file coords-v3.txt (compact mmCIF, N, CA and C atoms)
# COMPACT_ATOMS: atom_id res chain seq x y z
N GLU H 1 9.06 -15.03 -15.04
CA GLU H 1 8.41 -13.90 -15.77
C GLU H 1 7.15 -14.39 -16.48
N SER H 2 6.05 -14.50 -15.77
CA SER H 2 4.79 -14.97 -16.41
C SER H 2 3.67 -13.95 -16.19
N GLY H 3 2.83 -13.76 -17.17
CA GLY H 3 1.72 -12.77 -17.01
C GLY H 3 2.19 -11.40 -17.48
N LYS H 4 1.45 -10.37 -17.15
CA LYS H 4 1.86 -9.00 -17.58
C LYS H 4 2.67 -8.32 -16.48
N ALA H 5 3.39 -7.28 -16.82
CA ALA H 5 4.21 -6.57 -15.79
C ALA H 5 3.33 -6.12 -14.63
N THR H 6 2.07 -5.87 -14.89
CA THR H 6 1.16 -5.42 -13.80
C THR H 6 1.73 -4.19 -13.09
N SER H 7 0.95 -3.57 -12.25
CA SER H 7 1.44 -2.36 -11.53
C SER H 7 0.89 -2.34 -10.10
N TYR H 8 1.74 -2.12 -9.13
CA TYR H 8 1.26 -2.09 -7.72
C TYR H 8 -0.02 -1.25 -7.61
N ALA H 9 0.05 0.00 -7.99
CA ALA H 9 -1.17 0.86 -7.90
C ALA H 9 -2.39 0.09 -8.41
N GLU H 10 -2.19 -0.86 -9.28
CA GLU H 10 -3.34 -1.65 -9.80
C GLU H 10 -3.42 -2.99 -9.07
N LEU H 11 -2.29 -3.55 -8.73
CA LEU H 11 -2.28 -4.85 -8.00
C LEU H 11 -2.71 -4.63 -6.56
N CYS H 12 -2.00 -3.81 -5.84
CA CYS H 12 -2.36 -3.54 -4.42
C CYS H 12 -3.72 -2.83 -4.37
N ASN H 13 -4.19 -2.36 -5.50
CA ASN H 13 -5.50 -1.65 -5.53
C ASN H 13 -6.51 -2.37 -4.64
N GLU H 14 -6.68 -3.65 -4.85
CA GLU H 14 -7.66 -4.42 -4.03
C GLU H 14 -7.43 -4.17 -2.53
N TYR H 15 -6.28 -3.68 -2.16
CA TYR H 15 -6.03 -3.43 -0.71
C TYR H 15 -6.33 -1.97 -0.36
N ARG H 16 -6.71 -1.18 -1.33
CA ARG H 16 -7.03 0.24 -1.04
C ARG H 16 -8.27 0.33 -0.16
N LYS H 17 -9.14 -0.64 -0.26
CA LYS H 17 -10.37 -0.62 0.58
C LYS H 17 -9.98 -0.85 2.04
N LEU H 18 -8.80 -1.35 2.28
CA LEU H 18 -8.35 -1.59 3.68
C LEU H 18 -7.56 -0.37 4.18
N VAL H 19 -6.81 0.25 3.31
CA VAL H 19 -6.00 1.43 3.72
C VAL H 19 -6.92 2.61 4.05
N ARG H 20 -6.97 3.01 5.29
CA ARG H 20 -7.85 4.16 5.67
C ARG H 20 -7.14 5.48 5.36
N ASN H 21 -6.39 5.99 6.30
CA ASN H 21 -5.68 7.28 6.06
C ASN H 21 -4.20 7.01 5.77
N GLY H 22 -3.92 6.04 4.95
CA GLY H 22 -2.50 5.73 4.62
C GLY H 22 -2.06 4.48 5.40
N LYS H 23 -2.96 3.89 6.14
CA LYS H 23 -2.59 2.67 6.93
C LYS H 23 -3.32 1.45 6.37
N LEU H 24 -2.61 0.54 5.77
CA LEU H 24 -3.26 -0.67 5.20
C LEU H 24 -3.21 -1.82 6.22
N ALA H 25 -4.20 -2.67 6.22
CA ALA H 25 -4.21 -3.80 7.19
C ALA H 25 -5.33 -4.79 6.83
N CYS H 26 -5.03 -6.06 6.81
CA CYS H 26 -6.07 -7.07 6.47
C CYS H 26 -5.92 -8.31 7.36
N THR H 27 -6.63 -9.36 7.06
CA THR H 27 -6.53 -10.60 7.88
C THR H 27 -5.09 -11.10 7.91
N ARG H 28 -4.87 -12.28 8.43
CA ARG H 28 -3.48 -12.82 8.48
C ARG H 28 -3.29 -13.89 7.40
N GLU H 29 -3.39 -13.51 6.15
CA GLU H 29 -3.21 -14.50 5.06
C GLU H 29 -1.96 -15.35 5.31
N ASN H 30 -2.00 -16.60 4.94
CA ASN H 30 -0.81 -17.47 5.17
C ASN H 30 -0.04 -17.67 3.85
N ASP H 31 0.48 -16.61 3.30
CA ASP H 31 1.24 -16.74 2.02
C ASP H 31 2.29 -15.63 1.91
N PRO H 32 3.43 -15.86 2.52
CA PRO H 32 4.52 -14.87 2.49
C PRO H 32 5.01 -14.64 1.06
N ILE H 33 5.25 -13.42 0.69
CA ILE H 33 5.73 -13.13 -0.69
C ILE H 33 6.83 -12.06 -0.66
N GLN H 34 7.17 -11.52 -1.80
CA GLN H 34 8.24 -10.48 -1.84
C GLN H 34 7.67 -9.16 -2.36
N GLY H 35 8.36 -8.08 -2.14
CA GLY H 35 7.86 -6.76 -2.62
C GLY H 35 8.89 -6.14 -3.58
N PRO H 36 8.57 -4.97 -4.08
CA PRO H 36 9.47 -4.27 -5.02
C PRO H 36 10.81 -3.95 -4.34
N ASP H 37 10.85 -3.98 -3.04
CA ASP H 37 12.12 -3.68 -2.32
C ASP H 37 12.95 -4.96 -2.17
N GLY H 38 12.65 -5.96 -2.95
CA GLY H 38 13.42 -7.23 -2.86
C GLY H 38 13.34 -7.77 -1.43
N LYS H 39 12.37 -7.33 -0.67
CA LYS H 39 12.23 -7.81 0.73
C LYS H 39 10.98 -8.68 0.87
N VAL H 40 10.98 -9.60 1.79
CA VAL H 40 9.79 -10.47 1.98
C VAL H 40 8.82 -9.84 2.99
N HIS H 41 7.57 -10.22 2.95
CA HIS H 41 6.59 -9.64 3.90
C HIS H 41 5.75 -10.76 4.54
N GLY H 42 4.90 -10.42 5.47
CA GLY H 42 4.06 -11.46 6.13
C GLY H 42 2.98 -11.93 5.15
N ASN H 43 2.14 -11.04 4.70
CA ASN H 43 1.06 -11.45 3.75
C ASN H 43 1.09 -10.56 2.51
N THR H 44 0.06 -10.63 1.71
CA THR H 44 0.01 -9.79 0.48
C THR H 44 -0.24 -8.33 0.85
N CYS H 45 -0.96 -8.09 1.91
CA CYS H 45 -1.22 -6.68 2.32
C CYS H 45 0.08 -6.04 2.80
N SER H 46 0.78 -6.69 3.69
CA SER H 46 2.07 -6.12 4.18
C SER H 46 2.87 -5.62 2.98
N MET H 47 2.90 -6.38 1.92
CA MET H 47 3.65 -5.94 0.71
C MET H 47 2.96 -4.71 0.12
N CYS H 48 1.68 -4.62 0.29
CA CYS H 48 0.92 -3.45 -0.24
C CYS H 48 0.98 -2.29 0.76
N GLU H 49 1.24 -2.59 2.01
CA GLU H 49 1.31 -1.50 3.03
C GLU H 49 2.52 -0.60 2.75
N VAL H 50 3.65 -1.18 2.44
CA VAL H 50 4.86 -0.35 2.16
C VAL H 50 4.59 0.55 0.95
N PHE H 51 4.00 0.01 -0.08
CA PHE H 51 3.69 0.84 -1.28
C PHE H 51 2.65 1.88 -0.89
N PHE H 52 1.66 1.48 -0.15
CA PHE H 52 0.61 2.44 0.29
C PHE H 52 1.24 3.52 1.17
N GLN H 53 2.16 3.14 2.01
CA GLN H 53 2.82 4.15 2.89
C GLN H 53 3.48 5.23 2.04
N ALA H 54 4.31 4.85 1.12
CA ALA H 54 4.98 5.85 0.25
C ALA H 54 3.95 6.83 -0.32
N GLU H 55 2.77 6.34 -0.63
CA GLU H 55 1.72 7.24 -1.18
C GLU H 55 1.23 8.21 -0.10
N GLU H 56 1.48 7.89 1.14
CA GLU H 56 1.03 8.80 2.24
C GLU H 56 1.82 10.11 2.20
N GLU H 57 3.05 10.06 1.75
CA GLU H 57 3.87 11.30 1.68
C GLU H 57 3.25 12.28 0.68
N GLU H 58 2.92 11.82 -0.49
CA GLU H 58 2.31 12.73 -1.51
C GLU H 58 1.16 13.52 -0.88
N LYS H 59 0.43 12.91 0.01
CA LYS H 59 -0.71 13.62 0.65
C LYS H 59 -0.19 14.62 1.68
N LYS H 60 1.08 14.57 1.98
CA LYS H 60 1.66 15.52 2.98
C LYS H 60 1.19 16.95 2.68
N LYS H 61 1.09 17.30 1.43
CA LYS H 61 0.64 18.68 1.08
C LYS H 61 -0.83 18.86 1.46
N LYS H 62 -1.16 19.95 2.11
CA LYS H 62 -2.57 20.18 2.51
C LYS H 62 -3.25 21.11 1.50
N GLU H 63 -4.53 20.95 1.30
CA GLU H 63 -5.25 21.82 0.33
C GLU H 63 -5.25 23.27 0.82
N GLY H 64 -4.96 23.48 2.08
CA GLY H 64 -4.94 24.87 2.61
C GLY H 64 -4.37 24.86 4.03
N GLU H 65 -4.42 25.97 4.71
CA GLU H 65 -3.88 26.03 6.10
C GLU H 65 -4.96 25.61 7.11
N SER H 66 -4.59 24.87 8.11
CA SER H 66 -5.59 24.43 9.12
C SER H 66 -6.19 25.65 9.84
N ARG H 67 -5.54 26.77 9.75
CA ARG H 67 -6.06 27.99 10.43
C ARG H 67 -7.16 28.64 9.58
N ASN H 68 -7.08 28.50 8.28
CA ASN H 68 -8.12 29.10 7.40
C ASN H 68 -8.45 30.52 7.86

call {"tool": "encode", "arguments": {"input": "coords-v3.txt", "output": "structure tokens"}}
result
Amino acid sequence: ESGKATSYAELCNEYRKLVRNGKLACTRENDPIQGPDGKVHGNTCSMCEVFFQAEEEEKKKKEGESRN
């Protein structure tokens, strides 16, 4: 337990520039870590991809009907 609690939305933030329409992806960093799901991932982005994915559902709602 070192540093501040920090927050994914703020930590993975640096990966928001990679996430296009809810899909995050970056180089192949060589540093496996863990995520909030107590699960390990390939790189730091992979850990941010799962969090970014969950945010894709909130966008499920459309501002209007595609038929307009």

call {"tool": "atom_distance", "arguments": {"input": "coords-v3.txt", "atom1": "atom N of residue 53 of chain H", "atom2": "atom CA of residue 24 of chain H"}}
result
7.4 Å

call {"tool": "select_by_dssp", "arguments": {"input": "coords-v3.txt", "residues": "chain H", "states": "helix (DSSP H, G or I)", "output": "PyMOL selection string"}}
result
chain H and resi 8-15+44-58

call {"tool": "atom_distance", "arguments": {"input": "coords-v3.txt", "atom1": "atom CA of residue 26 of chain H", "atom2": "atom CA of residue 60 of chain H"}}
result
24.1 Å

call {"tool": "closest_residue", "arguments": {"input": "coords-v3.txt", "among": "H:44, H:50, H:17, H:4", "to": "residue 30 of chain H", "atoms": "only N, CA and C atoms"}}
result
H:44

call {"tool": "atom_distance", "arguments": {"input": "coords-v3.txt", "atom1": "atom CA of residue 33 of chain H", "atom2": "atom C of residue 59 of chain H"}}
result
28.5 Å

call {"tool": "residues_near_point", "arguments": {"input": "coords-v3.txt", "point": "(-4.0, 7.0, 6.9)", "cutoff": "10 Å", "atoms": "only C-alpha atoms", "output": "list in words"}}
result
residues 19, 20, 21, 22, 23, 24, 52, 53, 55, 56 and 59 of chain H

call {"tool": "axis_aligned_box", "arguments": {"input": "coords-v3.txt", "around": "segment 33-36 of chain H", "padding_each_side": "4 Å", "output": "JSON"}}
result
{"center_x": 8.0, "center_y": -8.7, "center_z": -2.2, "size_x": 13.6, "size_y": 17.5, "size_z": 13.7}

call {"tool": "closest_residue", "arguments": {"input": "coords-v3.txt", "among": "H:14, H:31, H:1, H:65", "to": "residue 43 of chain H", "atoms": "all atoms listed in the file"}}
result
H:31

call {"tool": "closest_residue", "arguments": {"input": "coords-v3.txt", "among": "H:67, H:58, H:47, H:2", "to": "residue 35 of chain H", "atoms": "only C-alpha atoms"}}
result
H:47

call {"tool": "decode", "arguments": {"input": "coords-v3.txt", "residues": "segment 23-34 of chain H", "atoms": "N, CA, C and O atoms", "output": "compact mmCIF listing (two decimals), in the first residue's frame"}}
result
# COMPACT_ATOMS: atom_id res chain seq x y z
N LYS H 23 -12.36 0.67 -27.80
CA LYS H 23 -11.32 -0.39 -27.97
C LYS H 23 -9.93 0.17 -27.65
O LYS H 23 -9.40 0.99 -28.38
N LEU H 24 -9.34 -0.27 -26.58
CA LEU H 24 -7.99 0.24 -26.21
C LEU H 24 -6.91 -0.70 -26.76
O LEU H 24 -7.10 -1.89 -26.86
N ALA H 25 -5.77 -0.16 -27.12
CA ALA H 25 -4.68 -1.02 -27.67
C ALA H 25 -3.38 -0.21 -27.77
O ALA H 25 -3.36 0.90 -28.25
N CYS H 26 -2.28 -0.77 -27.31
CA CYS H 26 -0.99 -0.04 -27.39
C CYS H 26 0.14 -1.00 -27.76
O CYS H 26 -0.09 -2.14 -28.13
N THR H 27 1.37 -0.56 -27.67
CA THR H 27 2.51 -1.44 -28.02
C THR H 27 2.49 -2.70 -27.15
O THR H 27 1.54 -2.96 -26.44
N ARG H 28 3.54 -3.48 -27.20
CA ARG H 28 3.58 -4.73 -26.37
C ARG H 28 4.49 -4.53 -25.16
O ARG H 28 5.50 -5.18 -25.01
N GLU H 29 4.14 -3.62 -24.28
CA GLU H 29 4.99 -3.38 -23.08
C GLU H 29 5.36 -4.71 -22.43
O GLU H 29 4.59 -5.65 -22.42
N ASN H 30 6.54 -4.80 -21.88
CA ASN H 30 6.96 -6.08 -21.23
C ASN H 30 6.86 -5.95 -19.70
O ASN H 30 7.84 -6.04 -19.00
N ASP H 31 5.67 -5.75 -19.19
CA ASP H 31 5.51 -5.62 -17.72
C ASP H 31 4.10 -6.07 -17.30
O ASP H 31 3.22 -5.26 -17.14
N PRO H 32 3.94 -7.36 -17.13
CA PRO H 32 2.63 -7.92 -16.73
C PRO H 32 2.23 -7.39 -15.35
O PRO H 32 3.03 -7.31 -14.44
N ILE H 33 0.98 -7.05 -15.18
CA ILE H 33 0.52 -6.53 -13.86
C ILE H 33 -0.86 -7.11 -13.52
O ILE H 33 -1.32 -8.04 -14.15
N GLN H 34 -1.51 -6.56 -12.53
CA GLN H 34 -2.85 -7.08 -12.14
C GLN H 34 -3.91 -5.99 -12.32
O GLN H 34 -3.60 -4.82 -12.42
